[PDB]
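This is input_14.pdb (PDB, C-alpha atoms).
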ATOM      1  CA  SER A   1       0.000   0.000   0.000
ATOM      2  CA  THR A   2       0.837   3.682  -0.195
ATOM      3  CA  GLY A   3      -0.544   7.030   0.933
ATOM      4  CA  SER A   4      -0.124  10.628  -0.241
ATOM      5  CA  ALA A   5      -1.422  13.779   1.451
ATOM      6  CA  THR A   6      -0.909  17.487   0.935
ATOM      7  CA  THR A   7       0.540  19.480   3.804
ATOM      8  CA  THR A   8      -0.247  23.200   4.045
ATOM      9  CA  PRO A   9       1.396  26.073   5.972
ATOM     10  CA  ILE A  10      -0.843  27.336   8.797
ATOM     11  CA  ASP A  11       0.056  30.966   8.128
ATOM     12  CA  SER A  12       2.053  33.312   5.924
ATOM     13  CA  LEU A  13       5.307  32.577   7.790
ATOM     14  CA  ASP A  14       5.225  28.762   7.533
ATOM     15  CA  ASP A  15       5.088  28.588  11.349
ATOM     16  CA  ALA A  16       3.882  24.991  11.016
ATOM     17  CA  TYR A  17       2.211  22.685   8.496
ATOM     18  CA  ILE A  18      -1.131  20.864   8.739
ATOM     19  CA  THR A  19      -2.153  17.670   6.980
ATOM     20  CA  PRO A  20      -5.724  16.317   6.859
ATOM     21  CA  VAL A  21      -6.242  12.997   8.662
ATOM     22  CA  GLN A  22      -9.375  10.821   8.645
ATOM     23  CA  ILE A  23     -10.302   9.338  12.047
ATOM     24  CA  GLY A  24     -13.157   6.993  12.858
ATOM     25  CA  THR A  25     -16.272   5.688  11.135
ATOM     26  CA  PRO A  26     -17.816   7.698   9.553
ATOM     27  CA  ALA A  27     -14.641   9.666   8.956
ATOM     28  CA  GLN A  28     -13.923  12.705  11.116
ATOM     29  CA  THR A  29     -11.312  14.800   9.336
ATOM     30  CA  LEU A  30      -8.868  16.685  11.545
ATOM     31  CA  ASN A  31      -5.883  18.808  10.491
ATOM     32  CA  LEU A  32      -2.831  17.454  12.274
ATOM     33  CA  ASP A  33       0.750  18.672  12.659
ATOM     34  CA  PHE A  34       2.933  15.822  11.381
ATOM     35  CA  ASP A  35       5.862  15.766  13.800
ATOM     36  CA  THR A  36       8.978  13.665  13.192
ATOM     37  CA  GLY A  37      10.241  14.848  16.619
ATOM     38  CA  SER A  38       7.583  13.069  18.711
ATOM     39  CA  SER A  39       5.644   9.818  18.765
ATOM     40  CA  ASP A  40       2.091  10.478  19.967
ATOM     41  CA  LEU A  41      -0.984  10.885  17.767
ATOM     42  CA  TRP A  42      -3.202  13.157  19.843
ATOM     43  CA  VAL A  43      -6.267  15.206  19.031
ATOM     44  CA  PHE A  44      -8.555  17.888  20.345
ATOM     45  CA  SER A  45     -11.727  16.050  21.288
ATOM     46  CA  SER A  46     -15.173  16.108  22.829
ATOM     47  CA  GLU A  47     -13.329  15.409  26.099
ATOM     48  CA  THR A  48     -11.123  18.512  25.974
ATOM     49  CA  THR A  49     -11.818  21.076  28.717
ATOM     50  CA  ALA A  50     -14.257  23.429  26.992
ATOM     51  CA  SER A  51     -12.405  26.643  27.888
ATOM     52  CA  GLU A  52      -9.282  25.183  26.241
ATOM     53  CA  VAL A  53     -10.960  24.756  22.838
ATOM     54  CA  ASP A  54     -11.042  27.854  20.639
ATOM     55  CA  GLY A  55     -11.867  27.038  17.011
ATOM     56  CA  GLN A  56     -10.207  23.644  16.587
ATOM     57  CA  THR A  57     -12.021  20.726  15.024
ATOM     58  CA  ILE A  58     -12.648  17.985  17.602
ATOM     59  CA  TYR A  59     -12.715  14.212  17.463
ATOM     60  CA  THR A  60     -15.855  12.774  19.066
ATOM     61  CA  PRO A  61     -15.223   9.092  19.746
ATOM     62  CA  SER A  62     -18.821   8.379  20.776
ATOM     63  CA  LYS A  63     -19.824   9.133  17.149
ATOM     64  CA  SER A  64     -17.335   6.610  15.732
ATOM     65  CA  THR A  65     -18.610   3.045  15.429
ATOM     66  CA  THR A  66     -15.033   1.748  15.290
ATOM     67  CA  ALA A  67     -13.724   3.650  18.351
ATOM     68  CA  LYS A  68     -12.854   1.579  21.419
ATOM     69  CA  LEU A  69     -11.681   2.979  24.736
ATOM     70  CA  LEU A  70      -8.264   1.588  25.584
ATOM     71  CA  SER A  71      -8.976   0.608  29.169
ATOM     72  CA  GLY A  72      -6.830   2.288  31.780
ATOM     73  CA  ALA A  73      -4.574   4.053  29.283
ATOM     74  CA  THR A  74      -3.497   7.654  29.734
ATOM     75  CA  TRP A  75      -0.957   9.927  28.074
ATOM     76  CA  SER A  76       0.856  13.132  28.911
ATOM     77  CA  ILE A  77       3.465  14.946  26.856
ATOM     78  CA  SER A  78       5.651  18.038  27.203
ATOM     79  CA  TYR A  79       7.321  19.525  24.140
ATOM     80  CA  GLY A  80      10.613  21.379  23.770
ATOM     81  CA  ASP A  81       8.785  24.670  23.233
ATOM     82  CA  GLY A  82       7.174  24.391  26.678
ATOM     83  CA  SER A  83       3.734  23.322  25.488
ATOM     84  CA  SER A  84       1.871  20.255  26.778
ATOM     85  CA  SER A  85      -1.263  18.118  26.606
ATOM     86  CA  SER A  86      -2.724  15.014  28.253
ATOM     87  CA  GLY A  87      -5.742  12.683  28.292
ATOM     88  CA  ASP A  88      -7.028   9.166  27.613
ATOM     89  CA  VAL A  89      -6.761   6.789  24.647
ATOM     90  CA  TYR A  90      -8.987   5.166  22.052
ATOM     91  CA  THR A  91      -8.118   2.794  19.255
ATOM     92  CA  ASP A  92      -9.779   3.678  15.950
ATOM     93  CA  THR A  93      -9.316   3.633  12.192
ATOM     94  CA  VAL A  94      -6.956   6.315  10.923
ATOM     95  CA  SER A  95      -6.295   7.126   7.259
ATOM     96  CA  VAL A  96      -3.762   9.477   5.691
ATOM     97  CA  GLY A  97      -3.995  10.208   1.999
ATOM     98  CA  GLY A  98      -5.581   6.860   1.178
ATOM     99  CA  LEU A  99      -3.456   4.753   3.561
ATOM    100  CA  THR A 100      -5.467   3.104   6.351
ATOM    101  CA  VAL A 101      -4.455   1.755   9.769
ATOM    102  CA  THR A 102      -7.004  -0.067  11.894
ATOM    103  CA  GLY A 103      -6.525  -0.157  15.652
ATOM    104  CA  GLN A 104      -4.407   3.008  15.747
ATOM    105  CA  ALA A 105      -3.999   4.568  19.174
ATOM    106  CA  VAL A 106      -5.769   7.955  19.046
ATOM    107  CA  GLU A 107      -4.868   9.945  22.134
ATOM    108  CA  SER A 108      -7.793  12.131  23.143
ATOM    109  CA  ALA A 109      -6.924  15.392  24.906
ATOM    110  CA  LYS A 110      -8.587  16.187  28.205
ATOM    111  CA  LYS A 111      -6.155  19.071  28.813
ATOM    112  CA  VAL A 112      -4.023  21.230  26.487
ATOM    113  CA  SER A 113      -1.683  24.132  27.270
ATOM    114  CA  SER A 114      -2.385  27.690  26.216
ATOM    115  CA  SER A 115      -0.319  27.699  23.032
ATOM    116  CA  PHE A 116      -2.409  24.863  21.599
ATOM    117  CA  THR A 117      -5.678  26.597  22.541
ATOM    118  CA  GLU A 118      -4.424  29.834  20.994
ATOM    119  CA  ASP A 119      -3.706  28.134  17.653
ATOM    120  CA  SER A 120      -7.069  27.408  16.036
ATOM    121  CA  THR A 121      -5.461  25.880  12.925
ATOM    122  CA  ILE A 122      -3.917  22.781  14.566
ATOM    123  CA  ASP A 123      -6.314  20.045  15.693
ATOM    124  CA  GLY A 124      -3.585  17.799  17.093
ATOM    125  CA  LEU A 125      -0.242  16.142  16.335
ATOM    126  CA  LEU A 126       0.675  12.977  14.457
ATOM    127  CA  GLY A 127       4.025  11.758  15.713
ATOM    128  CA  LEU A 128       6.520  10.155  13.334
ATOM    129  CA  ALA A 129       9.588   9.689  15.534
ATOM    130  CA  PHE A 130      10.302   6.241  16.961
ATOM    131  CA  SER A 131       7.656   4.503  19.044
ATOM    132  CA  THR A 132      10.047   4.264  21.995
ATOM    133  CA  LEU A 133       9.104   7.920  22.740
ATOM    134  CA  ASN A 134       5.334   7.258  22.870
ATOM    135  CA  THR A 135       3.924   8.451  26.207
ATOM    136  CA  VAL A 136       0.928   6.113  26.630
ATOM    137  CA  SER A 137       0.901   4.387  29.999
ATOM    138  CA  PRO A 138       0.863   1.671  31.195
ATOM    139  CA  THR A 139       1.095   0.108  27.718
ATOM    140  CA  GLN A 140       3.154   2.114  25.212
ATOM    141  CA  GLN A 141       1.536   2.473  21.779
ATOM    142  CA  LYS A 142       2.906   2.508  18.234
ATOM    143  CA  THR A 143       3.027   5.409  15.779
ATOM    144  CA  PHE A 144       0.926   5.506  12.633
ATOM    145  CA  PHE A 145       4.048   4.813  10.532
ATOM    146  CA  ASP A 146       5.059   1.875  12.718
ATOM    147  CA  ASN A 147       1.572   0.375  12.416
ATOM    148  CA  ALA A 148       1.496   0.886   8.619
ATOM    149  CA  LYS A 149       5.082  -0.091   7.874
ATOM    150  CA  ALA A 150       4.679  -3.788   7.139
ATOM    151  CA  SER A 151       1.848  -3.084   4.681
ATOM    152  CA  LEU A 152       3.677  -0.370   2.739
ATOM    153  CA  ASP A 153       5.275  -1.069  -0.621
ATOM    154  CA  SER A 154       8.529   0.201   0.901
ATOM    155  CA  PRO A 155       9.026   0.970   4.627
ATOM    156  CA  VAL A 156       9.516   4.714   4.140
ATOM    157  CA  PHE A 157       7.805   8.049   4.322
ATOM    158  CA  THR A 158       8.917  11.315   2.729
ATOM    159  CA  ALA A 159       8.524  14.966   3.652
ATOM    160  CA  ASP A 160       8.378  17.596   0.916
ATOM    161  CA  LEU A 161       7.559  20.845   2.671
ATOM    162  CA  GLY A 162       6.877  23.980   0.680
ATOM    163  CA  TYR A 163       8.144  27.525   1.127
ATOM    164  CA  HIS A 164       5.083  29.718   1.511
ATOM    165  CA  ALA A 165       3.241  26.962  -0.406
ATOM    166  CA  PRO A 166       1.709  23.498   0.030
ATOM    167  CA  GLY A 167       3.821  20.355   0.009
ATOM    168  CA  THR A 168       3.443  16.600   0.344
ATOM    169  CA  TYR A 169       3.853  13.714   2.785
ATOM    170  CA  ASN A 170       4.100  10.337   1.030
ATOM    171  CA  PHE A 171       4.011   6.922   2.693
ATOM    172  CA  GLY A 172       5.404   3.780   1.148
ATOM    173  CA  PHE A 173       7.072   5.149  -2.008
ATOM    174  CA  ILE A 174       9.622   7.674  -3.258
ATOM    175  CA  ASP A 175       8.292  10.075  -5.889
ATOM    176  CA  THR A 176      11.267  10.357  -8.213
ATOM    177  CA  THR A 177       9.727  13.404  -9.948
ATOM    178  CA  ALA A 178       9.714  15.405  -6.708
ATOM    179  CA  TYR A 179      13.432  16.161  -6.478
ATOM    180  CA  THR A 180      16.485  16.966  -8.590
ATOM    181  CA  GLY A 181      19.759  15.065  -8.756
ATOM    182  CA  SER A 182      20.130  12.094  -6.418
ATOM    183  CA  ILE A 183      19.128  11.347  -2.839
ATOM    184  CA  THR A 184      22.089  11.198  -0.456
ATOM    185  CA  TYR A 185      21.529   8.830   2.445
ATOM    186  CA  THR A 186      23.137   9.272   5.835
ATOM    187  CA  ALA A 187      23.251   7.251   9.066
ATOM    188  CA  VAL A 188      20.672   7.546  11.838
ATOM    189  CA  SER A 189      20.942   6.946  15.553
ATOM    190  CA  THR A 190      17.666   5.955  17.189
ATOM    191  CA  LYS A 191      19.202   5.941  20.680
ATOM    192  CA  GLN A 192      17.247   9.049  21.772
ATOM    193  CA  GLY A 193      14.123   8.055  19.833
ATOM    194  CA  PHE A 194      14.669  10.705  17.142
ATOM    195  CA  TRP A 195      15.691  10.767  13.494
ATOM    196  CA  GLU A 196      19.177  11.815  14.643
ATOM    197  CA  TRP A 197      21.980  12.257  12.114
ATOM    198  CA  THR A 198      25.258  14.113  11.582
ATOM    199  CA  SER A 199      25.609  16.921   9.093
ATOM    200  CA  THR A 200      29.046  17.253   7.514
ATOM    201  CA  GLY A 201      29.201  21.056   7.807
ATOM    202  CA  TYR A 202      27.953  24.402   6.511
ATOM    203  CA  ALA A 203      28.466  27.525   4.438
ATOM    204  CA  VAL A 204      27.086  31.055   4.738
ATOM    205  CA  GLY A 205      26.045  32.656   1.461
ATOM    206  CA  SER A 206      28.780  32.292  -1.138
ATOM    207  CA  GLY A 207      31.339  31.609   1.592
ATOM    208  CA  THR A 208      33.633  28.602   1.797
ATOM    209  CA  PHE A 209      32.263  25.364   3.177
ATOM    210  CA  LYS A 210      33.322  24.543   6.726
ATOM    211  CA  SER A 211      33.738  20.814   7.282
ATOM    212  CA  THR A 212      32.560  20.009  10.775
ATOM    213  CA  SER A 213      30.272  17.386  12.310
ATOM    214  CA  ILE A 214      26.909  18.671  13.497
ATOM    215  CA  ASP A 215      24.740  16.087  15.294
ATOM    216  CA  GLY A 216      21.047  16.952  15.160
ATOM    217  CA  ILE A 217      17.510  15.762  14.512
ATOM    218  CA  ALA A 218      15.292  15.971  11.471
ATOM    219  CA  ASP A 219      12.188  17.513  13.044
ATOM    220  CA  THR A 220       9.165  18.522  10.966
ATOM    221  CA  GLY A 221       7.428  19.693  14.151
ATOM    222  CA  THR A 222       9.959  22.451  14.850
ATOM    223  CA  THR A 223       9.695  25.650  12.809
ATOM    224  CA  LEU A 224      13.256  26.928  12.851
ATOM    225  CA  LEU A 225      16.824  25.726  12.390
ATOM    226  CA  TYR A 226      18.657  25.432  15.724
ATOM    227  CA  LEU A 227      22.436  25.072  15.460
ATOM    228  CA  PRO A 228      25.523  25.615  17.644
ATOM    229  CA  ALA A 229      26.218  29.184  18.751
ATOM    230  CA  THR A 230      29.424  29.351  16.700
ATOM    231  CA  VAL A 231      27.603  28.473  13.487
ATOM    232  CA  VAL A 232      24.718  30.838  14.174
ATOM    233  CA  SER A 233      27.073  33.710  15.021
ATOM    234  CA  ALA A 234      28.901  33.136  11.746
ATOM    235  CA  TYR A 235      25.615  33.373   9.824
ATOM    236  CA  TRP A 236      24.238  36.532  11.444
ATOM    237  CA  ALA A 237      27.633  38.284  11.215
ATOM    238  CA  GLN A 238      26.918  38.516   7.491
ATOM    239  CA  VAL A 239      23.734  40.548   8.067
ATOM    240  CA  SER A 240      24.289  44.243   8.800
ATOM    241  CA  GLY A 241      22.536  45.192  12.004
ATOM    242  CA  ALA A 242      21.687  41.658  13.170
ATOM    243  CA  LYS A 243      22.061  40.996  16.873
ATOM    244  CA  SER A 244      21.088  38.485  19.518
ATOM    245  CA  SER A 245      18.356  39.961  21.683
ATOM    246  CA  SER A 246      17.821  38.486  25.153
ATOM    247  CA  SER A 247      14.502  40.335  25.463
ATOM    248  CA  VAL A 248      13.126  38.957  22.205
ATOM    249  CA  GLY A 249      14.718  35.541  22.713
ATOM    250  CA  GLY A 250      17.089  35.187  19.785
ATOM    251  CA  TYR A 251      18.674  36.786  16.760
ATOM    252  CA  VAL A 252      16.798  39.650  15.176
ATOM    253  CA  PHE A 253      17.698  41.626  12.076
ATOM    254  CA  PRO A 254      16.546  44.746  10.227
ATOM    255  CA  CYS A 255      13.514  43.909   8.124
ATOM    256  CA  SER A 256      15.141  45.910   5.301
ATOM    257  CA  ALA A 257      17.970  43.353   5.002
ATOM    258  CA  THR A 258      18.544  40.880   2.212
ATOM    259  CA  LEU A 259      19.463  37.607   3.909
ATOM    260  CA  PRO A 260      22.250  35.316   2.709
ATOM    261  CA  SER A 261      21.614  31.646   2.033
ATOM    262  CA  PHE A 262      22.734  28.887   4.386
ATOM    263  CA  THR A 263      24.142  25.595   3.153
ATOM    264  CA  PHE A 264      24.316  22.378   5.171
ATOM    265  CA  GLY A 265      26.148  19.181   4.316
ATOM    266  CA  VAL A 266      24.706  15.712   3.901
ATOM    267  CA  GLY A 267      27.699  13.528   3.297
ATOM    268  CA  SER A 268      29.399  15.043   0.254
ATOM    269  CA  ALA A 269      26.110  16.624  -0.882
ATOM    270  CA  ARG A 270      24.916  20.148  -0.130
ATOM    271  CA  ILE A 271      21.430  21.508   0.636
ATOM    272  CA  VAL A 272      21.027  25.265   0.089
ATOM    273  CA  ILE A 273      18.494  27.182   2.188
ATOM    274  CA  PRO A 274      17.680  30.408   0.336
ATOM    275  CA  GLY A 275      17.969  33.574   2.401
ATOM    276  CA  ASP A 276      14.255  34.327   2.166
ATOM    277  CA  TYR A 277      13.491  31.069   4.043
ATOM    278  CA  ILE A 278      15.290  32.511   7.074
ATOM    279  CA  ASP A 279      12.988  35.579   7.421
ATOM    280  CA  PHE A 280      10.198  35.141  10.003
ATOM    281  CA  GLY A 281       8.930  38.683   9.873
ATOM    282  CA  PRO A 282       8.440  41.490  12.360
ATOM    283  CA  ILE A 283       8.970  40.588  16.028
ATOM    284  CA  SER A 284       5.706  42.406  16.750
ATOM    285  CA  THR A 285       3.100  43.874  14.429
ATOM    286  CA  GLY A 286       4.464  47.000  12.774
ATOM    287  CA  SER A 287       8.069  46.544  13.948
ATOM    288  CA  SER A 288      11.012  47.008  11.586
ATOM    289  CA  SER A 289      12.948  44.404  13.577
ATOM    290  CA  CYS A 290      12.509  40.900  12.132
ATOM    291  CA  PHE A 291      12.979  37.477  13.712
ATOM    292  CA  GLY A 292      15.628  35.145  12.381
ATOM    293  CA  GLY A 293      14.978  31.605  11.179
ATOM    294  CA  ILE A 294      18.396  30.329  12.307
ATOM    295  CA  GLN A 295      18.849  30.375  16.072
ATOM    296  CA  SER A 296      21.222  28.967  18.690
ATOM    297  CA  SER A 297      20.651  25.486  20.107
ATOM    298  CA  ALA A 298      22.696  26.357  23.186
ATOM    299  CA  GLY A 299      20.613  25.295  26.151
ATOM    300  CA  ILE A 300      18.276  23.107  24.067
ATOM    301  CA  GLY A 301      20.773  20.295  24.406
ATOM    302  CA  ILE A 302      20.420  19.167  20.806
ATOM    303  CA  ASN A 303      20.628  20.687  17.344
ATOM    304  CA  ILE A 304      17.370  20.721  15.400
ATOM    305  CA  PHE A 305      16.986  20.625  11.627
ATOM    306  CA  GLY A 306      13.470  22.020  11.655
ATOM    307  CA  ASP A 307      11.242  23.202   8.861
ATOM    308  CA  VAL A 308      13.573  26.029   7.780
ATOM    309  CA  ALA A 309      16.098  23.338   6.803
ATOM    310  CA  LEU A 310      13.799  20.507   5.767
ATOM    311  CA  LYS A 311      11.693  22.641   3.380
ATOM    312  CA  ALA A 312      14.837  23.258   1.296
ATOM    313  CA  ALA A 313      14.966  19.479   0.613
ATOM    314  CA  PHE A 314      13.130  16.354  -0.344
ATOM    315  CA  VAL A 315      13.588  14.207   2.782
ATOM    316  CA  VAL A 316      13.345  10.414   3.032
ATOM    317  CA  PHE A 317      12.624   8.885   6.413
ATOM    318  CA  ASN A 318      13.759   5.303   5.761
ATOM    319  CA  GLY A 319      12.319   2.887   8.319
ATOM    320  CA  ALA A 320      14.189  -0.184   7.118
ATOM    321  CA  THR A 321      15.608  -2.560   9.729
ATOM    322  CA  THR A 322      18.485  -0.112  10.058
ATOM    323  CA  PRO A 323      16.884   3.322   9.656
ATOM    324  CA  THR A 324      18.543   6.018   7.525
ATOM    325  CA  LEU A 325      17.725   9.532   6.289
ATOM    326  CA  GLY A 326      17.878  10.724   2.697
ATOM    327  CA  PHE A 327      18.171  14.289   1.407
ATOM    328  CA  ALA A 328      17.800  15.626  -2.120
ATOM    329  CA  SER A 329      17.684  19.114  -3.559
ATOM    330  CA  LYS A 330      14.451  20.052  -5.297
TER     331      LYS A 330
END
Can you dump the structure from the file as structure tokens?
Amino acid sequence: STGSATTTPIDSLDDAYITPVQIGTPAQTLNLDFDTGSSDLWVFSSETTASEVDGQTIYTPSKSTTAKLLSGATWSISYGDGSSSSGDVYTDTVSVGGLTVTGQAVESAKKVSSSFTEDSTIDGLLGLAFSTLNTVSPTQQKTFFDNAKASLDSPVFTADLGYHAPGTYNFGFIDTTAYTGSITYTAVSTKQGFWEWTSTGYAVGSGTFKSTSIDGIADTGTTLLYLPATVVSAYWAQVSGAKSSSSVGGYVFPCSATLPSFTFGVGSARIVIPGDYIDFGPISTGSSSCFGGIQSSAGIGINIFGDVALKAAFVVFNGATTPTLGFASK
């Protein structure tokens, strides 16, 4: 089998991407944030504290003839950005772009933190990291990809995120028309439950490539590119007027600037992030100070190749017996 679904930016800045997902019988379609940095499929629901719902579409398990309460199961998750959610668990039928999993754990939110409430465009998350990170207790549950894997034509999914435009998640096949050149594959460590790999270095604009190992994760659920302070300083030094602002919480730059590109290495291959991808607009409405899309990972504890990086590539998440990651230009 295979599946193919379009993923759409939630706003004009590409702050996140939503993908429609069919849950239950009859289908209830929710727009979920596909997140290769976590491993829970959770949704706003009829069980969510009413004051914590503000425009999201909810899953109502009592209206699904295939929903079954997973007895005694609860979940609770806290994300790197400080947000959180928790609740109970159903199993139900879940389909993505024509690909169907029966008996998928659907984690129904009883509580969500303020940032989720405040974002009416995201109805939940669909985790695509390794199932070892799944928070369901007392019996850990599998991700949608893990449940589908054996049935897929090939045990892979691909992320093709757009810049200020829709893109595609495919399951079970590689669309060879969706990229240029070849796909370069690189080793993955699953030891922390992430799609963790090592970049071979970077360049800033037309500058010389610096060969240096950068360990980080391929994370579709993180907006920006988080890299070591040395690397980030080298980038923003090329932008007149850019500075790190403690009050704003990162590097800002004059909105009048033209940003240089940023290149990262995948083995001997090179992925080029155009400068415009690194502009996340005024820090506050009407400001001429703009927020940077490359920020320091210092104090995160890990480097994160988020959407700013991934949308510059066609990315293969290879779930073979020994997982690997593939990157192509596009």
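Distances here use all atoms listed in the file; by that measure, the residue among A:266, A:152, A:227, A:239 closest to residue A:299 is A:227.
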Skipping near chain neighbours, those fewer than 5 positions away, what residues fall within 9 Å of residue A:238 using all atoms listed in the file, listed as a ChimeraX atom specification? /A:204-205,233,259-260
Prev. selection, C-alpha atoms, output as a compact mmCIF listing (two decimals), in the frame of the given file:
# COMPACT_ATOMS: atom_id res chain seq x y z
CA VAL A 204 27.09 31.06 4.74
CA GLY A 205 26.04 32.66 1.46
CA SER A 233 27.07 33.71 15.02
CA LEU A 259 19.46 37.61 3.91
CA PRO A 260 22.25 35.32 2.71
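Here the PyMOL selection byres ((chain A and resi 229) around 12) captures the residues residues 214, 225, 226, 227, 228, 230, 231, 232, 233, 234, 235, 236, 237, 244, 250, 251, 294, 295, 296, 297, 298, 299, 300, 301, 302 and 303 of chain A.
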Could you expand the PyMOL selection byres ((chain A and resi 83) around 10) into the explicit residues it covers here, written as JSON, numbers by chain?
{"A": [77, 78, 79, 80, 81, 82, 84, 85, 112, 113, 114, 115, 116]}
Selection file, C-alpha atoms, as an mmCIF file, in the frame of the given file:
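The file below, again06.cif, is the result:
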data_model
loop_
_atom_site.group_PDB
_atom_site.id
_atom_site.type_symbol
_atom_site.label_atom_id
_atom_site.label_comp_id
_atom_site.auth_asym_id
_atom_site.auth_seq_id
_atom_site.Cartn_x
_atom_site.Cartn_y
_atom_site.Cartn_z
ATOM 1 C CA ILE A 77 3.465 14.946 26.856
ATOM 2 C CA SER A 78 5.651 18.038 27.203
ATOM 3 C CA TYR A 79 7.321 19.525 24.140
ATOM 4 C CA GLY A 80 10.613 21.379 23.770
ATOM 5 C CA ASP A 81 8.785 24.670 23.233
ATOM 6 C CA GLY A 82 7.174 24.391 26.678
ATOM 7 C CA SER A 84 1.871 20.255 26.778
ATOM 8 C CA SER A 85 -1.263 18.118 26.606
ATOM 9 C CA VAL A 112 -4.023 21.230 26.487
ATOM 10 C CA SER A 113 -1.683 24.132 27.270
ATOM 11 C CA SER A 114 -2.385 27.690 26.216
ATOM 12 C CA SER A 115 -0.319 27.699 23.032
ATOM 13 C CA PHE A 116 -2.409 24.863 21.599
#
query = Could you name the residues that touch residue A:325 at 9 Å or less, counting only C-alpha atoms, but leaving out those on the same chain fewer than 2 positions away, as JSON, numbers by chain?
reply = {"A": [184, 185, 186, 187, 188, 195, 196, 197, 218, 315, 316, 317, 318, 319, 323, 327]}
Who sits within 6 Å of residue A:129, only C-alpha atoms, same chain under 2 positions skipped, as number ranges by chain: A: 36-39, 127, 194
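For the atom pair formed by atom CA of residue A:219 and atom CA of residue A:16, the distance is 11.4 Å, given to one decimal.
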Which residues come within 12 Å of residue A:183, counting only C-alpha atoms, excluding same-chain residues fewer than 3 positions away, as a JSON list (two decimals) with C-alpha atoms, keeping the file's coordinate frame?
[["chain", "number", "residue", "atom", "x", "y", "z"],
["A", 158, "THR", "CA", 8.92, 11.32, 2.73],
["A", 174, "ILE", "CA", 9.62, 7.67, -3.26],
["A", 175, "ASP", "CA", 8.29, 10.07, -5.89],
["A", 176, "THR", "CA", 11.27, 10.36, -8.21],
["A", 177, "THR", "CA", 9.73, 13.40, -9.95],
["A", 178, "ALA", "CA", 9.71, 15.40, -6.71],
["A", 179, "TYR", "CA", 13.43, 16.16, -6.48],
["A", 180, "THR", "CA", 16.48, 16.97, -8.59],
["A", 186, "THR", "CA", 23.14, 9.27, 5.84],
["A", 266, "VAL", "CA", 24.71, 15.71, 3.90],
["A", 267, "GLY", "CA", 27.70, 13.53, 3.30],
["A", 268, "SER", "CA", 29.40, 15.04, 0.25],
["A", 269, "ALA", "CA", 26.11, 16.62, -0.88],
["A", 270, "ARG", "CA", 24.92, 20.15, -0.13],
["A", 271, "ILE", "CA", 21.43, 21.51, 0.64],
["A", 313, "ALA", "CA", 14.97, 19.48, 0.61],
["A", 314, "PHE", "CA", 13.13, 16.35, -0.34],
["A", 315, "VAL", "CA", 13.59, 14.21, 2.78],
["A", 316, "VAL", "CA", 13.34, 10.41, 3.03],
["A", 317, "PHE", "CA", 12.62, 8.88, 6.41],
["A", 318, "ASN", "CA", 13.76, 5.30, 5.76],
["A", 324, "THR", "CA", 18.54, 6.02, 7.52],
["A", 325, "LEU", "CA", 17.73, 9.53, 6.29],
["A", 326, "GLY", "CA", 17.88, 10.72, 2.70],
["A", 327, "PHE", "CA", 18.17, 14.29, 1.41],
["A", 328, "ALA", "CA", 17.80, 15.63, -2.12],
["A", 329, "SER", "CA", 17.68, 19.11, -3.56],
["A", 330, "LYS", "CA", 14.45, 20.05, -5.30]]
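Taken over the whole file, the PyMOL selection byres ((chain A and resi 48-57) around 8) covers exactly residues 30, 31, 44, 45, 46, 47, 58, 59, 108, 109, 110, 111, 112, 113, 114, 117, 118, 119, 120, 121, 122 and 123 of chain A.
Relative to atom CA of residue A:124, atom CA of residue A:248 is found at 27.4 Å.
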The distance between atom CA of residue A:103 and atom CA of residue A:132 is 18.3 Å
With 4 Å of padding per side, what axis-aligned box (centre and edge lengths, Å, one decimal) covers all the listed atoms of stretch 53-71 of chain A? Give it as JSON.
{"center_x": -14.0, "center_y": 14.2, "center_z": 22.1, "size_x": 19.6, "size_y": 35.2, "size_z": 22.1}
task: Select all residues near (-6.5, 4.4, 29.0) (cut-off 9 Å, inclusive, file coordinates), counting only C-alpha atoms, and output them as a PyMOL selection string.
output: chain A and resi 69-75+87-90+107+136-139
Limited to C-alpha atoms, could you put the picked residues into a file as an mmCIF file, in the coordinates of the input?
data_model
loop_
_atom_site.group_PDB
_atom_site.id
_atom_site.type_symbol
_atom_site.label_atom_id
_atom_site.label_comp_id
_atom_site.auth_asym_id
_atom_site.auth_seq_id
_atom_site.Cartn_x
_atom_site.Cartn_y
_atom_site.Cartn_z
ATOM 1 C CA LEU A 69 -11.681 2.979 24.736
ATOM 2 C CA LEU A 70 -8.264 1.588 25.584
ATOM 3 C CA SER A 71 -8.976 0.608 29.169
ATOM 4 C CA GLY A 72 -6.830 2.288 31.780
ATOM 5 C CA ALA A 73 -4.574 4.053 29.283
ATOM 6 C CA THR A 74 -3.497 7.654 29.734
ATOM 7 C CA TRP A 75 -0.957 9.927 28.074
ATOM 8 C CA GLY A 87 -5.742 12.683 28.292
ATOM 9 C CA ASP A 88 -7.028 9.166 27.613
ATOM 10 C CA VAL A 89 -6.761 6.789 24.647
ATOM 11 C CA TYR A 90 -8.987 5.166 22.052
ATOM 12 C CA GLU A 107 -4.868 9.945 22.134
ATOM 13 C CA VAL A 136 0.928 6.113 26.630
ATOM 14 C CA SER A 137 0.901 4.387 29.999
ATOM 15 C CA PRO A 138 0.863 1.671 31.195
ATOM 16 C CA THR A 139 1.095 0.108 27.718
#
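Candidate residues A:160, A:279, A:11, A:92 were compared for distance to residue A:291, and the nearest is A:279, using all atoms listed in the file.
Using all atoms listed in the file, the nearest neighbour of residue A:217 within the list A:104, A:190, A:200, A:321 is A:190.
Using all atoms listed in the file, the shortest contact distance between residue A:134 and any of A:41, A:189, A:163, A:154 is found at A:41.
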Restricting to only C-alpha atoms, whichever of A:288, A:94, A:209, A:280 is closest to residue A:14 is A:280
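Ranking A:61, A:293, A:207, A:3 by their shortest atom-to-atom distance to residue A:101, with all atoms listed in the file included, puts A:3 first.
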